[PDB]
Amino acid sequence: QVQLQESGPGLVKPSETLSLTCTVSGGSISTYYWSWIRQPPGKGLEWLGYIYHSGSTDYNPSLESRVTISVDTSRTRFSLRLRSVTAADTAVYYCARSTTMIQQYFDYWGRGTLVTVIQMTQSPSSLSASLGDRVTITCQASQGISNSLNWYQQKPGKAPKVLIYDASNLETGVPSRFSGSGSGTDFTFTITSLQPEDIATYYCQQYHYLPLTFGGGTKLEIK
Amino acid sequence: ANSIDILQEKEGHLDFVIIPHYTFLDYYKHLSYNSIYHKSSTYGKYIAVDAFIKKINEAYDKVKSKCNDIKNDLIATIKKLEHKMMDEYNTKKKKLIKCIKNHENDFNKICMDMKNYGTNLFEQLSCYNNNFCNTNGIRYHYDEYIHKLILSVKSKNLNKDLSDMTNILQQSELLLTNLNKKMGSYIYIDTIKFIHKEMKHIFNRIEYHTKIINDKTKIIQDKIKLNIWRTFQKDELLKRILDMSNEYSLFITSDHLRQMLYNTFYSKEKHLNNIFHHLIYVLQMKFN
């Protein structure tokens, strides 16, 4: 099965270039989208940029042009270079993969390595319900998104994982208790009955407008 | 690059098909279905594949729609010619081709996303043994999507259709030379010459596609027999799925285009015969 593994320095001195590489095992790079997403400790997710097709690239303007994603396809590795680091860039760097932009969602995510140097407003930042309760989260975009919305479940310590793509569609194995709904600007994720295997932080994501943005997340716990 | 097909199926309705883009998206359409049909556990995935392919079409149409102003200008020109701006038509036709080649990479990005989708499905292809891989997916696909098309074309006799189109162009060519020789003092003589010139070129494009359909029908029918009640090794199984998806894509492209061009040839002959009804009426009322 396709597997991503990030390998880097883990400690970069300020203003130097952070260089982590990802090693695509059990699968080829070819024309897929190979992105680098970071998560500051105790904070949400930020997509840094991606490399796709015949080596084309698209980065998040928030990175201020100091980001570069390159790929030696022969090596079957893609890598990140983040110039002039700040304590701001102290984050868990996830190396991930989407297949398209037409119906973009993240197929595979690496393990994530700690490196220490559209507005998706997710409504319940924290939530503590008892088992069996129906939990329902909301995501609102700064503008029209159509159904270009995804939802991920980030298990404690683990990388985020797709539950719904295109606002309502479940990925093949994800349980039916999860429900995506909504279009345009107001979206809603709902677990019809809380299970012990659900204590995780859930994030939404948009792909309609190129700088890919995530939601604030909902830290779900048991009361 | 230079493989575009202009199509006027209805009155005042022009459209274009970038031949290679059609084959490419169709190849990956067949790869997708073939991968999900292989095992029964995955058949239901066709709902998602159909939805994704709809997104690809809607996305590609949005790129084609950028060249709508130039297309509607050429439609307005062709409308006036079907009543001398023949030189204006050529410049507006070149203009349409130009902006199509301008959006080359916008279309390529959609095509590439389609290749990625079908390739992802192709790459997740289980085989319980891998030395004995079931050719179920090949028949279930062939039978639903391709078999029916083979039989419709087999019944059609596309060579007789072409022969009947030459007779139409010969009748018009003779009437055109009889008007020029006998009574050239007629209104709409230039519009007849234009429509016949346009219809002569449509015929050649139909003649090209029917040649492809003809041999591709034989190829598909022969090939499918060999990849249907067997158990290939995974490597060989995948090779056949690609080979079949290729033969299916070339066939479906030329068949789809031949039918569209056929409708435009007879739509242009309808407007052509409207002028012939005037020419007979005029000659009859003069004969009074």
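Cut-offs and rules
- Residues numbered from 1 in each chain as written, not as in the entry; some residues may be left out.
- Chains lettered and ligands numbered in written order.
- Heavy atoms only, no water.
- Pairing = 2+ DSSP bridges.
- Helix = DSSP H or I, 4+ residues; strand = E, 2+ residues; numbered from the N terminus.
- Axes fitted to C-alpha atoms, helices over the stretch in contact; angles between N-to-C directions.
- 1 Å grid on protein atoms, 1.4 Å probe; cavity = no way out; pocket = protein on both sides within 12 Å on 5 of 7 lines; lining within 4 Å.
- Points joined across faces, edges and corners; volume = space filled by probe spheres on them.
- Domains from an automatic or database assignment.
- Disulfide = S-S within 2.5 Å.
- Buried < 20%, exposed > 50% of the residue type's maximum accessible area, 1.4 Å probe, protein only.

K.L.:
Teacher, can you tell me more about the sheet that holds strand β6 (residues 67-72) of chain A here?
P.N.:
All names here are of chain A. An order of β1-β2-β7-β6 is seen for the four strands of this open sheet, with the pairing classed as antiparallel. Whereas interior strands pair on both sides, the edge strands pair on one side only; in this sheet they are β1 (3-7) and β6. Across the sheet, the axes of successive neighbouring strands diverge by a mean angle of 20°, strand direction being ignored. Relative to strand β7 (residues 77-82), strand β2 (residues 18-25) is paired through six bridges, and the arrangement is antiparallel. By the bridge assignment for β7, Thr-21 is matched with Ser-79.

K.L.:
Explanation requested: the layout of surface pockets in the structure shown.
P.N.:
One simple way to see leftover space: roll a probe sized like a water molecule over the atoms. The calculated volume of the largest pocket comes to roughly 1,400 Å³. If you go around the largest pocket, you meet 49 residues; those closest to its centre are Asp-107, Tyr-108 and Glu-171 of chain A together with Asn-120 and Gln-124 of chain B. Of the residues forming the lining of the largest pocket, the biggest block, five residues, is contributed by helix α2 (residues 46-64) of chain B. Both of domain 1 (3-115) and domain 2 (121-214) of chain A provide at least three residues apiece to the lining of the largest pocket. What the second largest pocket holds in volume is close to 820 Å³.

K.L.:
I'm lost on the state of the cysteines in this one. Help?
P.N.:
What we call a disulfide is simply a covalent bond connecting the sulfur atoms of a pair of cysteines. All names here are of chain B. Enumeration over the complete set of coordinates arrives at four disulfides over all chains. Disulfide pairing places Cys-127 opposite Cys-133 at an S-S distance of 2.0 Å. Disulfide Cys-127 to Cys-133: torsion about the S-S bond roughly 135°, handedness right-handed. The two residues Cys-127 and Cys-133 agree in class, both being buried. Taken in N- to C-terminal order, the disulfide-linked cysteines of chain B are connected 1-2, 3-4. If one numbers only the bonded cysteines of chain A, in the order they occur, the disulfide pattern is 1-2, 3-4. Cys-111 carries a free sulfur, and the closest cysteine sulfur to it, the one in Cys-67, is 15 Å from it.

Don't take any of this as a statement about function, it's just geometry.
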